[PDB]
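Only one chain is shown below, in structure tokens, and it's the form solved without this ligand.
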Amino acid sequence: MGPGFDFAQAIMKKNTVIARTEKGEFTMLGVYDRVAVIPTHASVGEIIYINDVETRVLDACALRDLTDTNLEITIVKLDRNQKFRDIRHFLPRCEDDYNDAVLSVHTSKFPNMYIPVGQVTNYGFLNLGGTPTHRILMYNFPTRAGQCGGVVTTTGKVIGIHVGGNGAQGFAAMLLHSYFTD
């Protein structure tokens, strides 16, 4: 409907797949080459379904900060026959707050879904499902579970992936450029 939605749609149309684990279907962001991200609570194993195709997992790493605290981002390298458009230049370098973000989701349950969530706070610490978690972004939108893995964007930046909510607020794990140096 406006330039934030334009940027979000460009990312969804070329840099997402539908990922299925034993824990459900998730929006999955492809970042470069065969490297993608998913919330750690998806419990990625040795095999994952990608757009309903059985796919070997070459590597999966559940990130933690240097305090050894959960970040809720799992970086997955997929045995896929096609590379993602490289979008690492859209990743922020530092922790920050943002205005006017969009949360975008694409699953069987929620196809072509886009949500203007407004202001995004650098919230920091969250007790996520009982797990101490760092680098959390917050927005004041009544998100639900089905949008976990959803992509959080501003115009020109891919800033996070949706990981949870409390009924009135949603929470995303930050994406930082430093996670995807090769």
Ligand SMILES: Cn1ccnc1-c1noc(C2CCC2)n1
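Don't overthink the numbering: it's just position in the shown sequence, from 1.
Although it is not shown, the form deposited with this ligand bound is what the next lines describe.
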>> Since only the chain is shown here, I'm wondering whether residue 142 would be in contact with this ligand in the deposited complex (any heavy atom pair within 4.5 Å).
In response: yes
> Are any of the heavy atoms in residue 27 no more than 4.5 Å from a heavy atom of this ligand in the deposited complex?
Replying inline: no
> Which residues in 103 to 142 have a heavy atom within 4.5 Å of this ligand in the deposited complex?
Replying inline: 110, 113, 115, 141, 142
